[PDB]
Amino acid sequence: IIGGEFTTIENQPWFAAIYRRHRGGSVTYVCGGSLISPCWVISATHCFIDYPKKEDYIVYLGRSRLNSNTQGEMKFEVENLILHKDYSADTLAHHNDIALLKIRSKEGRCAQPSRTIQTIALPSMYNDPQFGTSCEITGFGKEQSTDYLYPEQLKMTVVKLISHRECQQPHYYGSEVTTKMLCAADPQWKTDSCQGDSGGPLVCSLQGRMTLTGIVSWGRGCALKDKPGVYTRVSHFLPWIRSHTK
């Protein structure tokens, strides 16, 4: 997350930290995630497409820091790693960038909801917030594009939704961004999501209810002028989410 503010997991209890076990024993951070049900975590396929081995991944809930065992956190293994069959990645654009992770503890149990571990409500069909609506993003991703390390403490920021017609402008992304994708950025281009925030939530408060409107997918650089953050429009993938979680 470029700019914004440092936060703890109590402000984002649906946020899931996904790590990977390397051959040798080393563990590194991969992507962010969102708990939609006690057994399921939703993320992006581009986070796992090159390493589709479910045994390699570790999922944390109620974790506030990258290398700290936060009080009340829960560690999980991936029982089932479901990737979207029609996933593809162009020069910039990532298509069907949605993945489901069935989480399981070593005792074979799903997430136990608490103060720091909660689910995020899925949006309703054809009911997304209008352009200009302020939405929040969370992640352990880069603070600056030039950084190679990720921040230790969890970060959050507020970005405004950009219409499809505005994001399809030549100086923006042109025809590369589709109706299945949602654009969101800072009008002053100072704050944005970045490398490492991928798979993370884009939560919008619509009609008094907090909902998982987007999933961090792609973007040209980080916090660049006329280059918004592109998010997987969750509302479109509702029949896919329902069928693969049944």
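When you see a residue number, it is the position in the sequence shown, counting from 1. Think of the rigid core as the biggest set of C-alphas that the two forms share within 1.5 Å after superposition.
The stretch that moves more in 4 other deposited structures of this protein, judged by CA deviation after a rigid core superposition and choosing between 155-163 and 119-127, is 119-127. Averaged over structures and residues, the CA distance from the shown form in 4 other deposited structures of this protein after a core fit is larger for 202-210, of the two stretches 187-195 and 202-210. Averaged over Cα atoms, the B-factor as recorded in the entry is higher for 61-69 than for the other of 190-198 and 61-69.
Once the C-alpha B-factors are averaged per stretch, 224-232 and 5-13 rank with 5-13 first. As recorded in the PDB entry, 93 shows the highest C-alpha B-factor of the residues 154, 93, 161, 99. If you compare the C-alpha temperature factors of 26, 37, 34, 45 in the entry, 26 comes out highest.
In the deposited entry, the Cα temperature factor of residue 206 places it in the highest third of its chain's modelled residues. When the modelled residues of the chain are ordered by C-alpha B-factor, residue 167 sits in the lowest third. Among the modelled residues of the chain, residue 150 sits in the middle third by CA temperature factor in this PDB entry. In the PDB entry, a CA B factor belonging to the lowest third of its chain's modelled residues is recorded for residue 173.
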